[PDB]
Amino acid sequence: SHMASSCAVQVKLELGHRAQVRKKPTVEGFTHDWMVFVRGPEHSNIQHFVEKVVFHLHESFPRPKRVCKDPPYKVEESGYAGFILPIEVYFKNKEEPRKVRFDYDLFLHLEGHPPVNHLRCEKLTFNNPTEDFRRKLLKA
Amino acid sequence: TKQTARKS
């Protein structure tokens, strides 16, 4: 038996961050509050097909591996300097690819300049997924 | 120029 149909699903993941200079720096002494997030556009659900999101913070951070298993996939923190932040997105999925890794640029602005509101769109294609993962991907 | 210093 064989199939007469091919199916190709495209998903959009939004990753982004906000970064605000603190009024007073902490004892440590961090100068900014910032938050980094993974979400679907226009408040769409991605838990149907995302197993967990892994935020690899910089070494200088306590407990540098942060793991979110359920929405919101976000981390909130304070700091003094920007850095590359590899984000791993694991899928509710049988075969390759099981996860994918981005290098997210977590940058901060200086005092007297607006806060940071950065939004980045990444688009992935799953060519002929298994039927179960296709259902997870297009779930209402 | 609009950005802070960075880490390692």
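Conventions we followed
Residues numbered from 1 in each chain as written, not as in the entry; some residues may be left out. Chains lettered and ligands numbered in written order. Heavy atoms only, no water. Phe/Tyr/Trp six-rings, centres within 6.5 Å; stacked < 30°, edge-to-face > 60°. Helix = DSSP H or I, 4+ residues; strand = E, 2+ residues; numbered from the N terminus. Buried < 20%, exposed > 50% of the residue type's maximum accessible area, 1.4 Å probe, protein only. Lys NZ or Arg CZ within 6 Å of the ring centre and 35° of its normal.

For this entry, the PDB record names X-ray crystallography as the structure determination method and reports a resolution of 2.7000 Å.

This next bit is on the packing of aromatic side chains. Any two aromatic rings considered together are summarised by their centre-to-centre distance and by the angle between their planes. For the coordinates displayed, the defined rule picks out six aromatic pairs over all chains. Ring geometry for A:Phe91 versus A:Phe133: centroids 6.3 Å apart, planes at 55 degrees, classification tilted. One end of the pair, A:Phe91, is in strand β6 (residues 83–91); the other, A:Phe133, is in helix α1 (residues 131–138), with 42 residues separating them in the sequence. With centroids separated by 5.0 Å and ring planes inclined at 85 degrees, the aromatic side chains of A:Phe126 and A:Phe133 adopt a geometry described as edge-to-face. Here A:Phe126 and A:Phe133 have matching classes, each one buried. Site record: aromatic cluster; members linked through ring pairs are A:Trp34, A:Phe61 and A:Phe83. The ring of A:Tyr80 has B:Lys7 sitting right over it, with the charged end atom 4.1 Å from the ring centre.

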